[PDB]
């Protein structure tokens, strides 16, 4: 069993009450207060991200794990956190987001953050059946967690099948969620894909400990398997601390306002 695949068994053996304490222990979390007011009051201009995803992407872009440029395609865009953040960035010219939508799946939110005129999101789109289109930057943030690691595995491999046909079109900047990176079939697929399109895996500290998500990003490199194990070790280390402490809070990204040419 991989170290992740021990962390999962452990995770599942936790009481509802220990679960709650653990999921946010020592993680980075952002101050979303003002964002749900804007949300209540429909303030589309306050600069408040529509979701937690904006901060996660910003963590990876600021460290040059991905450098969005040209036309961005955002698969699984949900409310649009990644799309609106990308729209603020200088290299970016056009952002095309796609998301399933429907009941129980997030609908895109219309906002007037900086570069919003550059954003087009289409809900009602199941990306597993959408044909690929040219792009310079590929995002994908899809992966429904699950107590079963085999379910998470099949979900992950299906995503990594779908993404390959987009990467075949040339974008050299990408950022793709890997929900279940500790399963062997997923590690094997990533090495194959890494041989073909490069990049490597990074653990965003804003992720909750209740999931092992990692992001295959074009600006990382190095051994896929060991990067996975290193994060596995962190998550296990946090399950075994005796004094809990809570998350480390930080301010959210301000996405500003206004149109871009």
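Residue numbers count along the first chain shown, from 1.
**Student:** Mean C-alpha B-factor higher for 195-203, or for 34-42?
**Tutor:** The stretch with the larger average C-alpha B-factor is 34-42.
**Student:** Hey, which bit's got the bigger mean C-alpha B factor in the entry, 78-86 or 162-170?
**Tutor:** Here the higher of the two C-alpha B-factor means belongs to 162-170.
**Student:** Quick one: classify residue 150 as lowest, middle or highest third of the chain based on its Cα B-factor.
**Tutor:** Highest third of the chain for residue 150's C-alpha B-factor.
**Student:** So where's residue 54 on the chain's Cα temperature factor ranking, which third?
**Tutor:** Residue 54: CA B-factor falls in the lowest third of its chain.
**Student:** Give the position of residue 134 by CA B-factor within its chain, expressed as the lowest, middle or highest third.
**Tutor:** It belongs to the middle third of the chain when residues are ordered by C-alpha B-factor.
**Student:** What third of its chain, lowest, middle or highest, does the C-alpha temperature factor of residue 26 fall into?
**Tutor:** According to the entry, residue 26 has a C-alpha B-factor in the chain's highest third.
**Student:** Ranking the modelled residues of this chain by C-alpha B-factor as given in the entry, is residue 218 in the lowest, middle or highest third?
**Tutor:** According to the entry, residue 218 has a C-alpha B-factor in the chain's lowest third.
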